[PDB]
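Both blocks below hold the same protein chain, though in two forms, and each is given as structure tokens: structure 1 and structure 2.
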Structure 1
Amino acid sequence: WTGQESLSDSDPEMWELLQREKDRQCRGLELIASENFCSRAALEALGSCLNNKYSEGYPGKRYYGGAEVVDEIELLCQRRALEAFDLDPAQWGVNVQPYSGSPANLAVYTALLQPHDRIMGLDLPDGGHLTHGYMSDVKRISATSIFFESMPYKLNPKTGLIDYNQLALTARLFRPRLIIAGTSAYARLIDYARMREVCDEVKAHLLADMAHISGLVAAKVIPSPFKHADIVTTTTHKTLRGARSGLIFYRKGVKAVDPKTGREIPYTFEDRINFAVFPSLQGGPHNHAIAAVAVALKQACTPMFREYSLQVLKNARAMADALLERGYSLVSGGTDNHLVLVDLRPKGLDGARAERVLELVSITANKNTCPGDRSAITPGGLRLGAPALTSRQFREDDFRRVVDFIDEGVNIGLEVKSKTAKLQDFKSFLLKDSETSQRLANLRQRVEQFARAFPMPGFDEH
């Protein structure tokens, strides 16, 4: 046994599952706003020998030895991270060891906040993520609501935008020490200048969790949160189109000048955050992922990525306006980023029903709670994403054809809402009914034909 034999001969059970998943990505219309297709160059670094190195510590501050090469790799990733976002190295440092986006956000809270300290993020049904301190009316869901007392700020349901007025009002009463300026399901631009004004008043840090929009920020196609944020977290996949990991951008330099003393007061983020990632929360970093992050980061500084992110915005608004003409309403009217929020309620269907419909025809979308409905009620909306297909060289009229395939799916589900009463009656009827099964199969085959014709990043085989 040498360990150098291919997976096809070593584990045929898993190598088959690898090809079955690769076919699902090639034949399906991946419409989930958070999903992207990683390039082969990064995946070659993700599954490499760098797995075999315990580089506990930091470049130049390693607990072990033999970290000669991984130091150059970890340092290059930091330089490529700051270069991709046009950050000045004297004003910005970056940690590249967060295992994913969720451990990245908890690292920032652990670094700058005591247990039970207060944070404020957008509510989960309003568009914020779990890691922004989401808790329900019965249970503390995210561990961010357990180790820290979180109060969410909500949207204004009349406009679908963030209620920046109610945020400033409740921040004065709640007195949070950290406010999250980032979303998971939000089709509009976050007013980071308004977030900083609130944070400057209540003496709170401004964290920008740009996971969904990091690629657009790196391409400078949307306003960059670094102009106002103190700490900036992001996943390394999604719009960045890299391996699953996370980054933590922090301000280094001088915070401000002393008022009555006239003295430069420094920033104390680097050593607090770098200590929170290790040895507080994590252990040995995944140098294979760090390298893969660096490969995708190098791709972000290229005119290729500027054109790709630009096409994402064009595809998203092309998908938005196409949805509007067919009779669909959208949260906040349309989109200014990479995703659109469809409101299926004025069309007679809920997101939980339509997502199962689209899932059976290889169209992976996700239900979304629309502004107004009290969360627990079956979500009457969907969240659609552009970066996934755009990575496969999708065009505007290609996304317009995507909307056509959704219009057929919604109508198929609409005919089942009349033939059924409950959601599980809806789910089972889609599989057991004779006529409804073949029309789902016909739409699926027509979807898979159109989807397979486009390219696909990564390996041909897996």
Structure 2
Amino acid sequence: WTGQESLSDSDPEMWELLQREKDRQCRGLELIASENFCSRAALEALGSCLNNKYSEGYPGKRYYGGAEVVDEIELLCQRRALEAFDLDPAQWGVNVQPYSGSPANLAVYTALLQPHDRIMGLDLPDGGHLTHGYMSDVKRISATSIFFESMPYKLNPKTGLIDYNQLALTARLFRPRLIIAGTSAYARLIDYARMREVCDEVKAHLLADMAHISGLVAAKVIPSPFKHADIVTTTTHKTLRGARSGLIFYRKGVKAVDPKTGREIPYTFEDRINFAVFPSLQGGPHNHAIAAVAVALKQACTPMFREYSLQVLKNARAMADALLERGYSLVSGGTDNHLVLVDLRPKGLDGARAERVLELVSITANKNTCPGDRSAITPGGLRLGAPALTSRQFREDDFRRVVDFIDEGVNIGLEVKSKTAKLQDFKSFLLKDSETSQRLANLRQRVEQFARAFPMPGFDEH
């Protein structure tokens, strides 16, 4: 045994499974807003010898030896990270060691806050992520809610966007030490300046969780939260089109002046953020992911990537305006970023019913809770994203077509919800009813044949 055998000539059970997921990725229309296809240049460094390296610590301050080469990859990933977002290395640092998006946020709380200190983050069914703190009125779901006390701020259920005033009201009563301006299902921009006004008012911290919009900020197509936020976290997938990892952008340098001494008051963010990642929470960094990220950060400071993000924005509206003009309402009026919040309630169906139908014809989205919803097991609305398919060189006409696929798929279950009872009934007929079974195999063949001829990034075979 040499360890250099192929994955095919050794483990075929896994190799066929790899190609099936590749075929499934290629034959399908991926509309998960947080999904995206990675470049082969990044995947090559992901499956590299850098996986065989323990580099616990930070460059110049390891607790081992032989970290001489990985110290140049972190210090480069750090440079490329600040490069991609136009950040002076005198006002900003970055921690490239977070394993993913959730471990990145958990490190920031652990760094700045104390256990059970107060946190405000957008409520989860109001388009938030659970890493912002999610208590389910029965049990504490996210570890953010367990180790720290979290109170959510909500949407205005009429306007459909962030109630910057009720949040500006609760912060004075709740006196939090950290407010998280970041989303996972919200189709508008965010005023990262009213948040900073609320944060400066209640002496809190403004954390920017710019995941989902990571690339749009790097390509300068939407406003950058670094203008008025002091700590910015993000993942490396979603939009930045890299491998699965996380980042923590913290502001360094000088905070202000001693108005009566003239002494320098420094930003004390750095050494706390760096300490929380290691040694507190993590151990051996995934250096093979740091490289695959630095690769994707390089190809993010490039004009090729701005054309990508601009197409992503244009493909969002071209999916919204197409969906608007077909019998569908758009939460928050329409969109302003990469994803759209479809409301299926003014259409007689829901995200839970449409998904399973759409999921069965190689079109992948997810359910979503809209303001105009009534429960949880049947949420009214879907989450549709652009960056996934735009990487296959999708255009406005290419997206107005999958809308014609969606509406041609929504109106398949719409004749079954009017013919069956609940979710367990809905899905049951979709699999044996030959009038609907064969009705799906037509759309699946039409969806696969349409999508499979688009240039998928990454390796050809896996």
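The term rigid core refers to the most C-alpha atoms you can superpose between the two forms while keeping them within 1.5 Å. Shifts are known only where both forms have a C-alpha. Residue indices: 1-based, along structure 1.
Residue showing a CA shift of 2 Å or more between structure 1 and structure 2 (rigid core superposed; candidates 114, 280, 261, 165): 261. Relative to the superposed core, residue 348 undergoes a C-alpha shift smaller than 2 Å between structure 1 and structure 2. Residue displacement note: residue 223 has its CA displaced by under 2 Å between structure 1 and structure 2 (rigid core superposed). Positional change of residue 375 between structure 1 and structure 2 reaches 2 Å or more at the C-alpha, relative to the superposed core. On a core-based overlay, residue 419 has a Cα shift of 1.2 Å between structure 1 and structure 2. Regions that shift between structure 1 and structure 2, defined as runs of three or more consecutive residues whose CA atoms all move by 2 angstroms or more after core superposition, comprise 258 to 264, 372 to 377.
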